[PDB]
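Number of protein chains: 2
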Amino acid sequence: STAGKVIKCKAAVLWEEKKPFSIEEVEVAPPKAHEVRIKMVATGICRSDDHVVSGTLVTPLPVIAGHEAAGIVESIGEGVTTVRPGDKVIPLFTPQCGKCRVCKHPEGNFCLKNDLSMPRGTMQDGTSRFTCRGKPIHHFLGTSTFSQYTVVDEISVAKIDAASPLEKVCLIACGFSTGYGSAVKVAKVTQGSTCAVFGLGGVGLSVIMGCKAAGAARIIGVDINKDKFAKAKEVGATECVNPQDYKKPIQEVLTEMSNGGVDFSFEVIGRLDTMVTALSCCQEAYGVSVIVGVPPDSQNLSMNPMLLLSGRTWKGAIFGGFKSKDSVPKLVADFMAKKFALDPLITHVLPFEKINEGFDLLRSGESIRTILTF
Amino acid sequence: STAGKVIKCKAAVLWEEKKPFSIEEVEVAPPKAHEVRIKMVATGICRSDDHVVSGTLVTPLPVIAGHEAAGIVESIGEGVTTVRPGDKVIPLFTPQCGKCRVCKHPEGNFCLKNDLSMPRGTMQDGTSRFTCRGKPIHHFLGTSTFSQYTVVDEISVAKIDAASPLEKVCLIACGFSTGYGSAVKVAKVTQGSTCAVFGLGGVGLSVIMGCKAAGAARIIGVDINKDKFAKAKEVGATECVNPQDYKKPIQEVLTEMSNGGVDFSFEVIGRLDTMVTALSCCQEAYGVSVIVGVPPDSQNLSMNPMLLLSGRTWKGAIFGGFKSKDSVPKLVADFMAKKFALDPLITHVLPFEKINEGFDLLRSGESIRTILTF
Ligand SMILES: NC(=O)c1ccc[n+]([C@@H]2O[C@H](COP(=O)([O-])OP(=O)([O-])OC[C@H]3O[C@@H](n4cnc5c(N)[nH+]cnc54)[C@H](O)[C@@H]3O)[C@@H](O)[C@H]2O)c1
Ligand SMILES: NC(=O)c1ccc[n+]([C@@H]2O[C@H](COP(=O)([O-])OP(=O)([O-])OC[C@H]3O[C@@H](n4cnc5c(N)[nH+]cnc54)[C@H](O)[C@@H]3O)[C@@H](O)[C@H]2O)c1
Ligand SMILES: OCc1c(F)c(F)c(F)c(F)c1F
Ligand SMILES: OCc1c(F)c(F)c(F)c(F)c1F
Ligand SMILES: [Zn+2]
Ligand SMILES: [Zn+2]
Ligand SMILES: [Zn+2]
Ligand SMILES: [Zn+2]
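Sequences listed follow chains A and B, in order. Residue numbering for the first sequence follows this note's numbering, beginning at 14 and increasing consecutively. Residue numbering for the second sequence follows this note's numbering, beginning at 14 and increasing consecutively.
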């Protein structure tokens, strides 16, 4: 039995920026009241985890990163009602407390209990459950999935189908749901529309999936890496364009291709310049542009507000707009019912011990999602 | 008797930026095919007209400005089907051609025949109907209402009720419709919501009227001129704040006052800084901010896209999102039926000949709308 005891297990600890993960032994405290300790089964490598390594995203170090995962409940703290030992679960990097003004709002999902805006790198109670070589180690987004065991607050965990294949459904924890929801829920892509998707990684491919599911007639993929185009077409892109092939700025190309601007555009990269390009390429009177990519820390963009005065809508979202604890089980159920596919996103499956090799595949351009198996 | 003849009449010609208008004789050509010549009855002074004088808004000079007006058809050119001589009409500064992709779209209003995006200062055919001192004079937004007679393209005029009081309904040509539609159509303000309105001139008072019509529970008016607060409360503001009274930036003050951000904010001034402040003060996960104010020519704002990534929606609109030719007659019908009030916006009345005094009143901060009578 491990319940009520400290677990010594393996984890990938990030001690400082721009260094490899250190795979080593950590101690994982048992869960306190309203907390859940989870044996991890599979975790994806999302670009947002690479942002913590690169310093694009600031969060307290040292840290156990990782936020796109699934596993099995090992134990529950006092007062937990929503999961039990042995349940398949997904940690939620955006919590759903159910009590805050956002949780109560029909269109809100960015729960005020989140650890994104102003990251503390702790549990809800402001403490850490992790130590390594006698030092406290920070949590990441209330999840910390690069560990054989994690501890999460109840509001940051969802119970899923006992028959779920966790090596696939872990992508519902971030990249699939974010892209799909950005198209179907945040943009509300319409039947017959023309869409432009900037960035053809795991999240951008999931935006294409959503645009196709919503009945878009044209879906133009934009990436500087033409190796990304074949899989973008497989999942629904009708055309792909590489900005580097053109003398004109790509906003002009896309406005020309779409006979005066697209209905919906998506920025799924994380660059200030492409956020402005994507806004510009949507039709000036009724276009909608959605920012999905995470910008670099503390940098402002420059834009001409006449782009909005003509009638454009500009919005962004975390996690595809989905209220996390309500949505994740339904998405897993939809997957089980063959409503969408996840295999197109998975290009590599590695043991957890090869986390660094997984990140090198992402940085080199080769991979979409690497799944790590514990 | 004047049909098919040049008309000599008085107009207010702007020869140079930052100068008074010159009230002097012009020659107004008869209408060509699908053109309408109109005897003006009343015109409002909108801050956008002043922007032409200040250079905030760049359009070719010399010019006959004015865009907020009503008048009576003097004659129609060949092929005109939608108005006749003796009809009461409102010139439409945003046309409705009914044929372009925007006119066809259910939510579009910024018709591609507009002269706002890249002003030429002409009729649709690229020529002028105005001569002064033997020199061609520019049109403005295809309206040019600061003249006893003007000529407009058919797609830039709407027939209105024959019993209309033109000295009131001229405000449906810009300021009222813009502010009211920005609330009810563009933002879609909800019952019980909290709104913040930056700028309490004629357009921002119209935004308040729309927010109140839509059922908002709290409407916070924001102006640096506290003399504007009594009228804002009369038309529905629940409280007014002057940024100059506070040590902290007003986005922080409004976030505190609204227990975490407002539902809907409106920038109704034309400043880059207040456009950012207005976005920031709406709730970060589900807030909506609407740009109404006209920015200074060719200047970019700076903002942090994290404001959007959390869930905010940012949009702008021309003319309250109204399809102009469909909507203007209906708005006049609704005014006739007492569905909204215009008198709260009218603070001064002058003869056309006292146009310069009317602009002095706006610049001093004393007026909301001055109505000039021909
Ligand atoms: N909003 C959310 O909740 C959320 C969720 C998940 C991911 N993200 C962010 O979404 C972005 C994409 O994540 P991902 O799909 O895992 O990353 P990824 O797999 O690195 O994909 C990014 C793609 O952008 C391409 N690219 C890079 N520069 C350009 C350019 N200048 N023009 C066009 N294409 C370019 C690049 O070749 C790559 O295929 C990252 O910034 C993530 O941090 C946000
Ligand atoms: N989008 C459209 O279709 C449309 C239509 C009509 C007017 N406009 C624009 O809307 C704006 C307002 O027009 P209006 O109501 O006729 O003008 P106005 O009467 O000049 O009202 C502007 C108000 O803003 C106030 N103000 C100025 N600076 C600040 C500040 N820093 N903070 C708070 N309040 C401030 C000022 O005291 C005044 O009461 C102008 O920029 C117009 O050009 C746009
Ligand atoms: O990929 C999801 C994701 C985000 F969208 C962020 F905005 C963020 F800060 C982060 F850490 C993260 F993991
Ligand atoms: O007041 C309406 C109005 C606008 F909203 C503009 F954007 C513009 F350029 C202009 F000239 C105008 F008159
Ligand atoms: Zn919450
Ligand atoms: Zn992610
Ligand atoms: Zn049109
Ligand atoms: Zn105006």
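Every residue gets a Cβ at the ideal spot worked out from N, C-alpha and C, and that includes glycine.
Subject >> Cutoff 8 angstroms: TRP327/A Cβ touching any chain B Cβ >> reply: Stepping through the first sequence from its first residue, residue 327/A is reached at position 314. Interface residue, yes.
Original post:
residue 388/B and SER157/B look like a contact to me (Cβ under 8 angstroms); what is the Cβ gap, rounded to whole Å?
Top reply: Because chain B spans 14 through 387 in this model, residue 388/B falls outside it and cannot be assessed.
Original post:
Any Cβ of chain A within less than 8 angstroms of the Cβ of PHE123/B?
Top reply: As a working note, residue 123/B is residue 110 in the second sequence. True, the Cβ-Cβ gap to chain A drops below 8 angstroms.
Subject >> Alpha-carbon spacing of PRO178/B relative to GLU29/B, whole angstroms >> reply: Working through the second sequence from its first residue, we reach residue 178/B at position 165. Working through the second sequence from its first residue, we reach residue 29/B at position 16. Each residue's Cα considered, the two are about 34 angstroms apart.
**OP:** Would you kindly report the start and end of the unbroken alpha helix (DSSP H) that includes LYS52/A?
**Re:** As a position in the first sequence, residue 52/A is number 39, starting the count at 1. No alpha helix (DSSP H) holds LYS52/A; the beta strand (DSSP E) holding it covers 48-57.
**OP:** Please list the partners that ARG114/A has in chain B, where partner means a Cβ-to-Cβ separation under 7 angstroms.
**Re:** For this step, residue 114/A is matched to residue 101 along the first sequence. The contacting residues are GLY273.
Original post:
On the three-state DSSP scale, how would you describe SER340/B?
Top reply: Residue mapping note: residue 340/B aligns to position 327 of the second sequence, counting from 1. DSSP places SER340/B in helix when its eight states are reduced to three.
Original post:
Hey, is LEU213/B close to ligand 7, as in C-beta under 7 angstroms from one of its heavy atoms?
Top reply: Looking up residue 213/B in the second sequence gives position 200. No, the beta carbon of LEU213/B sits no closer than 7 angstroms to any heavy atom of ligand 7.
Original post:
Under the rule that 16 or more other beta-carbon atoms within 10 Å means buried, what is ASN238/B, buried or exposed?
Top reply: Taking the first residue of the second sequence as position 1, residue 238/B is located at position 225. It counts as exposed.
Subject >> Extent of the continuous beta strand (DSSP E) run through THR360/A >> reply: Residue mapping note: residue 360/A aligns to position 347 of the first sequence, counting from 1. Residues 359-364.
Original post:
From this set, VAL275/A, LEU314/A, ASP310/A, which residue's C-alpha is nearest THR203/A's C-alpha?
Top reply: Counted from its first residue, the first sequence places residue 203/A at position 190. Residue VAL275/A is the option with its Cα nearest to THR203/A.
Original post:
What span of residues does the beta strand (DSSP E) with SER380/B cover, start to end?
Top reply: As a working note, residue 380/B is residue 367 in the second sequence. Element bounds for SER380/B: n/a, residue is neither H nor E.
Subject >> Nearest to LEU321/A (by Cα), restricted to the options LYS338/A, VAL341/A, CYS294/A, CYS224/A >> reply: Working through the first sequence from its first residue, we reach residue 321/A at position 308. Here the closest residue by C-alpha is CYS294/A.
Original post:
On the three-pair Cβ rule with 8 angstroms, is the segment 283-294 of chain A touching the segment 281-288 of chain B?
Top reply: no
Subject >> Beta carbon proximity, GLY324/A to chain B, threshold 8 angstroms >> reply: To locate residue 324/A, count along the first sequence from 1; it is residue 311. Chain B contact via Cβ: present.
Original post:
Should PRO308/A be flagged as near chain B, meaning a C-beta pair shorter than 8 angstroms?
Top reply: Locating residue 308/A in the first sequence gives position 295, counting from the first residue. Answer yes: the Cβ-Cβ gap between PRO308/A and chain B drops below 8 angstroms somewhere.
Original post:
Is there contact between the segment 217-231 of chain B and the segment 123-137 of chain B, where contact requires at least three CB pairs shorter than 8 angstroms?
Top reply: no
Original post:
On the premise that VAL102/B lies in contact with residue 394/B, defined as a C-beta separation below 8 angstroms, what is that separation, rounded to the nearest angstrom?
Top reply: For residue 394/B there is no data in the structure shown, the boundaries of chain B being 14 and 387.
Subject >> For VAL115/A, the nearest candidate out of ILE150/B, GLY300/B, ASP356/B (CA to CA) >> reply: For the purposes of this step, residue 115/A is taken as the residue at position 102 of the first sequence. Cα-wise, what sits closest to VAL115/A is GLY300/B.
Subject >> Residue range of the beta strand (DSSP E) that includes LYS172/A >> reply: Counting from one through the first sequence, the residue named residue 172/A turns up at place 159. Note, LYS172/A: beta strand (DSSP E), 170-172.
Original post:
Bridge partners of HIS151/B, per DSSP?
Top reply: Along the second sequence, read from residue 1 onward, the residue named residue 151/B stands at position 138. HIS151/B pairs with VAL76/B.
Subject >> Contacts around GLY371/A, its chain only, beta-carbon distance under 8 angstroms, and the 5 residues preceding and following it disregarded >> reply: Working through the first sequence from its first residue, we reach residue 371/A at position 358. If we look at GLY371/A and ignore the five residues flanking it on each side, its Cβ neighbours are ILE58, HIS361, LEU363, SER380, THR383, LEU385.
**OP:** Within its chain, find whatever has a CB closer than 7 angstroms to the CB of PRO44/A; leave out the 5 residues flanking it on each side and keep chain order.
**Re:** In the first sequence, the residue the question calls residue 44/A occupies position 31. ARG50, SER88, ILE89, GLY90, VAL164.
Original post:
Quick one: what does DSSP say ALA24/B is sitting in, helix, strand or coil?
Top reply: Counted from its first residue, the second sequence places residue 24/B at position 11. Correct three-state label for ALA24/B: strand.
Original post:
Within the present structure, is the beta-carbon of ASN238/B separated from the nearest heavy atom of ligand 2 by less than 7 angstroms?
Top reply: Locating residue 238/B in the second sequence gives position 225, where the first residue counts as 1. Under cutoff, so the answer is yes.
Subject >> Nearest-angstrom Cα separation, counted from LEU70/B out to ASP63/B >> reply: Residue 63/B sits at position 50 when you count from the first residue of the second sequence. Residue 70/B sits at position 57 when you count from the first residue of the second sequence. So the two alpha carbons sit approximately 9 angstroms from each other.
**OP:** Please name the residues in the segment 252-286 of chain B whose beta-carbon is closer than 8 angstroms to at least one beta-carbon of chain A, in chain order.
**Re:** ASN272, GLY273, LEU285
Original post:
Under three-state DSSP, which class holds residue 11/B?
Top reply: Outside the modelled stretch of chain B, which goes from 14 to 387, sits residue 11/B, for which no answer is possible.
Original post:
With a CB to CB cut of under 8 angstroms and the five nearest residues on each side skipped, what residues in its chain are close to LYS172/A?
Top reply: Along the first sequence, read from residue 1 onward, the residue named residue 172/A stands at position 159. Excluding positions up to five away in sequence, the list reads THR95, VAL96, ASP100, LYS101, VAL102, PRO342.
Original post:
Is any heavy atom in ligand 2 found nearer than 7 angstroms to the beta carbon of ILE331/B?
Top reply: Position 318 of the second sequence, counted from the first residue, corresponds to residue 331/B. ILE331/B: yes, Cβ under 7 angstroms from ligand 2.
**OP:** Could you tell me whether the Cβ of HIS80/A comes closer than 8 angstroms to any Cβ of chain B?
**Re:** Counted from its first residue, the first sequence places residue 80/A at position 67. No, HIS80/A does not count as interfacial toward chain B.
Original post:
Within 7 angstroms: the Cβ of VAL305/A and any heavy atom of ligand 1?
Top reply: Taking the first sequence and counting its residues from 1, the one referred to as residue 305/A is at position 292. For ligand 1, at least one heavy atom lies less than 7 angstroms from the Cβ of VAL305/A.
Original post:
Is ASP339/A buried or exposed, if buried means 16 or more other CB atoms sit within 10 Å of its CB?
Top reply: On the first sequence, position 326 is the one that residue 339/A refers to. Exposed.
**OP:** Verify the CB distance criterion: does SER380/A have a CB-CB separation below 8 angstroms to chain B?
**Re:** By 1-based counting over the first sequence, the position of residue 380/A is 367. No, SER380/A lies away from the interface with chain B (no Cβ there is under 8 angstroms from its Cβ).
Original post:
For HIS118/B and chain A, any beta-carbon pair shorter than 8 angstroms?
Top reply: For the purposes of this step, residue 118/B is identified with residue 105 of the second sequence, where counting begins at 1. Chain A, which has a Cβ nearer than 8 angstroms to the Cβ of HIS118/B, makes this yes.
**OP:** Write down every uninterrupted run of the alpha helix (DSSP H) in the segment 305-341 of chain A whose length is 4 residues or greater and which is fully enclosed by it, in chain order.
**Re:** 319-322
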